[PDB]
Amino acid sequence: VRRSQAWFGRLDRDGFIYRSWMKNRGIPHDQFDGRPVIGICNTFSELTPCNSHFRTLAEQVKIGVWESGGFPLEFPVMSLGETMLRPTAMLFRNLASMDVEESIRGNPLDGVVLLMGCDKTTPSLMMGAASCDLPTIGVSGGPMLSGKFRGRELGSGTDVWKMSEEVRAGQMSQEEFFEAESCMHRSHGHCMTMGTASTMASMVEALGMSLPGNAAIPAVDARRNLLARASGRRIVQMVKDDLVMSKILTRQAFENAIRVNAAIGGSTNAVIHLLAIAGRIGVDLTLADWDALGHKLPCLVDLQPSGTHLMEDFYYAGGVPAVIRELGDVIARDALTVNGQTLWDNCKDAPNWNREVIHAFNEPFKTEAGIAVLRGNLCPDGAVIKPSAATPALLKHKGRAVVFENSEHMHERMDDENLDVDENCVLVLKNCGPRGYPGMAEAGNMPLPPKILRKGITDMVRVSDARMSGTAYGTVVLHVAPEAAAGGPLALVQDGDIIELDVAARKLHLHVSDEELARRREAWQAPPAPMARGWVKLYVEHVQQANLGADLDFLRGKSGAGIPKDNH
């Protein structure tokens, strides 16, 4: 029955081996009796500031299992801290997924609890677990408290760009900027805006992989530990009911996630990770699904980078349950969630305590504010833009290309005061995709050249093959596929070329002949391998493009959780 009994139930020479060592620290023999063993994937790390409190979170989950008669065991994987990993945390997104997948199948686990929070750590565990497909429940770590500074509030990342552009413009002092370090981010948890970590927590509960309310409650709130403990209870039942990830991660679950991602003004990185998760659970989902389901919908939460308020205000207003309830005419209602009820039955009666934060559907915060997927000769395989946090007057715009051949050249050249750029140009950035950076870093939201900032404007049309943080704003076209370092038509844009953007027409058209690109394409040579050694060589030579999830090619798909050979 249980697969853990292939370890703990054997009455042979091997059963001694799988049991005698586990009893070295005092574990009662009844723990190996056949009750569900629960693996707790602990991404706790002091190098992951947003998950640094996951020791407590695991213990609450551990209590939950003991309450319900299960055998809980926590294990580690590589944790990813978006603020500290370099060249970028996305570079190691796939490496952590192999830790999760192999640690789950290789160990006597019947159920899985995922402690995820910090940006990249949410897809790392969701992707590795989907390839084993045991009864799995996700516990999100929770956001930080809203920043506090001089009687004002500070936003995670969103106020980092706004204040660094304000000092680059010369309108704010550099001393005031660095005085906000300890004042922006107090308290435990992940980014306090509607950035990647917050949307991915919403994606976890929009897909149905968590108990209701899991996304929005802050990390130091008491209900954070309640939900972790309550999910430690539920996962025991799910093992008995065999509620595997296959039954939750249906196509209707991904559509629902896309629907609420546009309703919350979600990160542009949710688009990439959701494709990678679908790529391993075995659900056909392309970028076109995001456009067909997303842009038509309005954005209903008034949170940065799209709005004003923060994740603290968002939870007190009702959180994701209140947002799903308002998508009641478009959500796949009978889509089951991890607690044994459909998504609509967990949110049909969710309250709303503040409509200035969570708007009514019939009176939304921003109309047609869902993410758009652009097509054209410059992005033949797709490119995304987030109009919720973009300038409307720039959504239909045409300008000359100011090209930055890579990120180094972009930093060597952006601050050049004798650069020929005005507000109406189109800043282009190349060689920052999966093979480009390497790792597809959040470099899309380029800081505007200082000459433009002093003029008094903070937005210009920027196109790139890189990502940007969910914390970021502006009119930024991202995930241009194929990337420049792959041979994509982005690699051939030169200074002076005219790029026209019409997000209403899904247009990213490069004004240049089909015959002129072909001579440029002949002189173009792919950049050299950045390491030719270690994980990075494996990454650049195996990672797929941004339009498919930026996953390693041999990691796509599932493999289940069979009972492997005995180890001796």
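Residue numbers here begin at 1 and follow the sequence given.
S.K.: Averaging only over Cα atoms, indicate whether 410-418 or 139-147 has the higher B-factor in the PDB entry.
M.R.: Higher of the two, by average CA B-factor, is 410-418.
S.K.: State which stretch shows the higher mean Cα B factor in the entry: 509-517 or 40-48.
M.R.: That would be 509-517.
S.K.: If I read the C-alpha B-factors straight from the PDB entry, which of 125, 402, 272, 281 is highest?
M.R.: Checking the PDB record, the top C-alpha B-factor among 125, 402, 272, 281 is at 402.
S.K.: Out of 233, 224, 105, 366, which shows the largest CA B-factor listed in the entry?
M.R.: Max CA B-factor in the entry, restricted to 233, 224, 105, 366: 366.
S.K.: Against its chain's modelled residues, does residue 9's Cα B factor rank lowest, middle or highest third?
M.R.: Within its chain, residue 9 is a lowest-third residue by C-alpha B-factor, going by the deposited values.
S.K.: Taking the values exactly as deposited, rank residue 535 by C-alpha B-factor within its chain and report the matching third: lowest, middle or highest.
M.R.: Ranked within chain, residue 535 CA B lands in the middle tercile.
S.K.: Taking the entry's C-alpha B-factors for this chain, is residue 442 in the lowest, middle or highest third?
M.R.: Ranked within chain, residue 442 CA B lands in the middle tercile.
S.K.: Quick check for you: using the entry's CA B-factors within this chain, is residue 356 in the lowest, middle or highest third?
M.R.: Its C-alpha B-factor, which the entry lists for residue 356, ranks in the middle third among residues of this chain.
S.K.: Grab the CA temperature factor for residue 67 from the record and place it in the lowest, middle or highest third of its chain.
M.R.: Bottom third by C-alpha B-factor.
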